[PDB]
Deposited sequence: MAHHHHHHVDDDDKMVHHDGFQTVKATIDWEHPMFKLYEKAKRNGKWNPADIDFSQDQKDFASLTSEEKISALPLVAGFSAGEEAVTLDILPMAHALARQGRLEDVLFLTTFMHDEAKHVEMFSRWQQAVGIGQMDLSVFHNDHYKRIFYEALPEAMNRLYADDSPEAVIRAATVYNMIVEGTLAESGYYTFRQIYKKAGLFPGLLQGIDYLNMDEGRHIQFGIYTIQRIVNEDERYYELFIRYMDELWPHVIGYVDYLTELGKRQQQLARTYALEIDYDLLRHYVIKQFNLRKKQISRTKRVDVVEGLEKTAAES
């Protein structure tokens, strides 16, 4: 029997088809163009570091789909097709926003400090690629930890909360903000795949719980290192804050990131 209708990832796959119909081509970015045009040069430089982090972050999950297919986990692989399609819309949405406000050509990589690179240039592609040649429990937990629990479950979740804190209130960038709420919803499913994947391996052998915690801790310094750097950039050129009577509470944001991290650790149980 080809499919287990009761399998959690099969149920997550059904959910993905029903809830992941959004199309980035349907979003109206015209107001966003005006909003970015109305900004001052200084203000313009304010918003770009946060948007740089998202525009780099090619289907990172591809190796995972390959490895789980090879192990015969058909339901996981079905679900992963929706994940990879979500990644495609992700890239599409930011590229349309960038083109709509005229920073399509601009090289935002300058807002990737070293800590960012330690995550997005090394730990993530390395941990995913590994799975082509080594699909051990450790390897899989590591790939799920870095991508699902850290990149998505911590940084992405915190960047989405940040965009809303700043701009939903500013009245700015209604197209981006709609894109972000769709991304955020897609990502709920991604995090559940990660949790399901880590938990099933931990269930098998409690030693893998320590490995999960250890690897969340080893990545923490670069997560907080990138947040400080953005934080510092922000504080240092917050003309946008002055202009839009915004309270960019960087101390709040920072605590939101910490809370995401501890919350992810907490969704994996030793038993």
**Q.** Sequence order list of spans that the model leaves without C-alpha positions, deposited numbering
**A.** 1-25, 83-86, 301-316
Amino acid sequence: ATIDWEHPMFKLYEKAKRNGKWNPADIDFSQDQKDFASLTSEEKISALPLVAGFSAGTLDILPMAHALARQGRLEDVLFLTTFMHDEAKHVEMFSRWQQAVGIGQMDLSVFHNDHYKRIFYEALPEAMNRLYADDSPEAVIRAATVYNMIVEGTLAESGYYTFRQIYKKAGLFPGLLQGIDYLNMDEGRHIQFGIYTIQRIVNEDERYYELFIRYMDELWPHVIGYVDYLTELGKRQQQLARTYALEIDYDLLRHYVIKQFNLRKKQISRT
From here on, numbers count along this sequence of modelled residues.
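The term rigid core refers to the maximal set of C-alpha atoms that superpose within 1.5 Å between the two forms.
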**Q.** Greater Cα displacement in 4 other deposited structures of this protein once the core is superposed, comparing 212-220 with 58-66
**A.** 58-66
Q: Take the C-alpha B-factors listed in the entry for 173-181 and for 77-85, compute each mean, and give the stretch with the larger one.
A: 173-181
Q. If you average the CA temperature factors over each stretch, which comes out higher, 231-239 or 25-33?
A. 231-239
Q) Of the options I213, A47, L59, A69, which has the highest CA B factor as deposited? A) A47
Q | Residue of maximum C-alpha B factor among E138, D114, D186, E152, per deposited coordinates | A | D114
Q: Please rank the C-alpha B-factors of the chain's modelled residues and tell me whether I195 sits in the lowest, middle or highest third.
A: lowest
Q) Of the three thirds of its chain by CA temperature factor, lowest, middle or highest, which one includes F94? A) middle
Q. Is the Cα B-factor recorded for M64 in the lowest, middle or highest third of its chain?
A. lowest
Q: Sort the modelled residues of this chain by their C-alpha B factor and say whether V110 lands in the lowest, middle or highest third.
A: highest
Q: Sort the modelled residues of this chain by their C-alpha B factor and say whether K11 lands in the lowest, middle or highest third.
A: lowest
